[PDB]
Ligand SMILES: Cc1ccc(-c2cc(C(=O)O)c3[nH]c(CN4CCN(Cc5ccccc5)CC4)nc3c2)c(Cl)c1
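Encoded as structure tokens, the following chain is the form deposited without this ligand, with no partner shown.
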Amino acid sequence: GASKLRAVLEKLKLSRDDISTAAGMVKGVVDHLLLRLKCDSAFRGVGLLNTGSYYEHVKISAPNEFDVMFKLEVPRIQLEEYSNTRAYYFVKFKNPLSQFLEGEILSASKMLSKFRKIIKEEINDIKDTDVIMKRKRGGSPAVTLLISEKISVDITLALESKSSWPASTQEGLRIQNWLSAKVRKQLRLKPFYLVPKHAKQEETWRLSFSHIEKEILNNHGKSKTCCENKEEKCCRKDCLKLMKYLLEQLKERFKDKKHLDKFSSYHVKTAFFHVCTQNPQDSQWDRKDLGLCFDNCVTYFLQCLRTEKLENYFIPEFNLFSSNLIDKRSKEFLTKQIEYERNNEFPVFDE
């Protein structure tokens, strides 16, 4: 019940200082690397995009792991959808990237290879930081830093396009009844990002809207003053934290076979945004209703698992839970675990 969930939230707060201290160390190294790249390199136009769980104020664990995005301002990009994937594209131009062009198409593999080598090069001049390599993951994260051989920092390179968003997003970002049609128009005037990502041989890039995800989470109410005063304290962020923690704790129980390896915090975050669409009123997220609101989040996530459908919040035809991405057996296994936990008041949360 809600008392147990409040106790979980209190336990998560115990880690706040370790996470923010580690975030400061990451920022020091990231800033140093950025300055090396901007001064003189093939990536002079690089900039820091402050996106991800820490900047959304929902990173509640893993102080030795951070995800960082670098953006690269590029001239006007023309996109070509890869097959009917909706989220993966070839990048053409209508420039300082000609080196990575093959014909008209900007090569993600060439850009990624240059990026990794250049970062390796600059890191040799930076204190107690080394480049390590994790699983390629289609090209994003591009490269991993290890700081004082403790903190792993995944760095993603993203091209910034200031053009209007691709057609596949036309029916996405269904925030009109929650955050307003005015806000949806405002957000769609912002740039979008392209991250090098294999689509599952090809030089494809995947759309990224991490900056918009941050904006929503940090300005998340129907009321503009949601969470700015004691009368409008909602539980949206608490629910996302509890959903992330639920998944983390379930994965912890299968560290041997890693049966839940295909599931990510991004799945939980995406499902959470859909529940915000379904429950657009701040009165549907009253902090006094934490237990009901968390149940709303858990039951919607269960629905996604059972129906094998979790639409990307910005690209509705990109199904994160399609059997091409996550096998049916894994989704059924997670359904059984979450079903049991929900029916028993989340004993995974017991002390």
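So that there is no doubt, residue numbering starts at 1 and follows the sequence shown. We call the rigid core the largest set of C-alpha positions that still match within 1.5 Å between the two forms.
Only in words, not in the display: the form deposited with this ligand bound, which the text now covers.
For this ligand, fitted onto this chain by superposing the C-alphas round its site in the deposited bound form, the count of atoms within 2.4 Å of backbone or C-beta atoms is 3 or more, giving a blocked pocket. Just one of 238, 122, 213, 203 comes within 4.5 Å of this ligand in the deposited bound form, counting any heavy atom, and that one is 213.
Though this ligand is absent from this view, in the deposited bound form it lies within 4.5 Å of a heavy atom of just one residue from 304, 37, 29, 49, which is 49.
This ligand in the deposited bound form comes within 4.5 Å of no heavy atom belonging to residue 282. This ligand in the deposited bound form comes within 4.5 Å of a heavy atom belonging to residue 69. This ligand is not shown here, but in the deposited bound form it comes within 4.5 Å of a heavy atom of residue 266.
At least one heavy atom of residue 207 is located within 4.5 Å of this ligand in the deposited bound form. Counting a residue when any of its non-hydrogen atoms is within 4.5 Å of this ligand in the deposited bound form, the one hit in 148-168 is 156. No residue of 290, 297, 326, 58 other than 58 has its CA displaced by 2 Å or more between this form and the one not shown when the core is superposed. Residue 80 shows a C-alpha shift below 2 Å between this form and the one not shown [criterion: core-superposed Cα displacement of 2 Å].
Once the rigid core is overlaid between this form and the one not shown, residue 315 does not reach a Cα shift of 2 Å, moving by less than that. Residue 306: CA moves less than 2 Å between this form and the one not shown after rigid-core fitting. Pairwise change in the deposited bound form: residue 53 and residue 289 C-alpha atoms lie farther apart than in the shown form, at least 3 Å. Cα of residue 56 to Cα of residue 153: at least 3 Å shorter in the deposited bound form than in the shown structure.
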